[PDB]
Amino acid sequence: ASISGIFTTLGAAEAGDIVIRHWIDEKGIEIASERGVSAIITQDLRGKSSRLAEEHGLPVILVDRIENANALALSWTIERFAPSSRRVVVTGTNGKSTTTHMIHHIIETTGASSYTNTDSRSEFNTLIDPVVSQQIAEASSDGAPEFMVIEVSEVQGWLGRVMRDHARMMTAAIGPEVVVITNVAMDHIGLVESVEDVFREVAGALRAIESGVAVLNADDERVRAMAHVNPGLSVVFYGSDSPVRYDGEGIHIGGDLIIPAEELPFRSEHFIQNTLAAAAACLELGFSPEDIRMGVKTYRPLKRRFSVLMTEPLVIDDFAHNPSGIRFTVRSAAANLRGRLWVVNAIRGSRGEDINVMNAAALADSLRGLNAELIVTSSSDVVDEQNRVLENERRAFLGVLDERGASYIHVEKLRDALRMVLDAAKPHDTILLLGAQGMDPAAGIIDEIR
């Protein structure tokens, strides 16, 4: 067998490797020939790199769309390195990383081998980079893994130009036996404008395979509607009334109650819903409810997923960046509320006015009827230029809170906002920190303040 001549990114390339890259320039061609790459697959040769590659004797394949090249690179890598592995694809709007990470964990707890592309900062779930197929080759080097758990981004776009049927394309390249759908929610405005745009893209992952099991969410009206998308698939449900379900007693696998409420390591809506999805898929992979019970109790969450940073006052760090996420996180925070709720939310810099208006609206609704104070931050002191809050975005966000009459204060710096909330709060109060990149460095600042 051979473990060389594999598809890699330019940075990870070695002699004989095939670099796949959205675009390449004259400097890229130089680095490539220095490393001895066999060939380069790109969508764009910049300037005079086409003639420089000819001089270096480096073959270059120009493709109409790099996502198609990466999808083919992915199928060939799987057939070449792990064709017998059982694969699971996880897609939806929210909770893909948690569901995928929990399935990977339940399988690894069992003693079985598994590959996963997930991490807290899940950036390698796209067909713009050959990173997943590069990682699959690296994992299969000293033997192929029995299982693969792969998170597939429902919506993707390069140059803001949407890659139609990206989920279908990526799923078909993997060819999983199980496909897990989490939810259909609004996010990535520009790529999608309507909830039907999201529904069509998420449902495409089911059209990607002729046969297998579809693990669908009974608590989402749109995800439940996906049962009649691919009749060749056997459908399994999770959530309410379904075999895998949650209530006061706890998590019920089948007629029995496998995990009682107190045994649960975490209790948030996000954790619980994503755990039922992971459990449902694991039953289809032929795992016992005891293997699942053991996995769940041994589980360690991803960074900023309802992460408890402090006790008295309770400080929770959640990465809610969209409306349904924000609504869910606030409900989970309000559940064990003993005093005032202090919400520090970071405006999504350089993400357009539409997401910021939708989030501002969701924040206002979730907070009405609560003993709560809202501190909105620009985090200008801790963000890079790719996440800078623009004037029009700040005014759009604060406009919604003004129109609605939500009690708020805008604080430009994240460090000023975190100092402000820690002084104002009392031990029985709960501080909920929300956001994406703008709220990422809050855990680190809290350490410097305490």
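Start at 1 and count along the sequence shown; that's the residue number.
In this entry, 108-116 has the higher mean Cα B-factor, the comparison being between 108-116 and 368-376. If you average the C-alpha B-factors over 134-142 and over 354-362, the higher value belongs to 134-142. The PDB entry assigns the greatest CA B-factor among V89, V229, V344, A172 to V229. The entry assigns its greatest Cα B factor, within the set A167, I258, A73, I326, to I258.
Among the modelled residues of the chain, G28 sits in the highest third by CA temperature factor in this PDB entry. When the modelled residues of the chain are ordered by C-alpha B-factor, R121 sits in the highest third.
Ranked by C-alpha B-factor against the other modelled residues of its chain, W158 falls in the highest third. In this PDB entry, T99 carries a Cα temperature factor that places it within the lowest third of its chain's modelled residues. When the modelled residues of the chain are ordered by C-alpha B-factor, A13 sits in the highest third.
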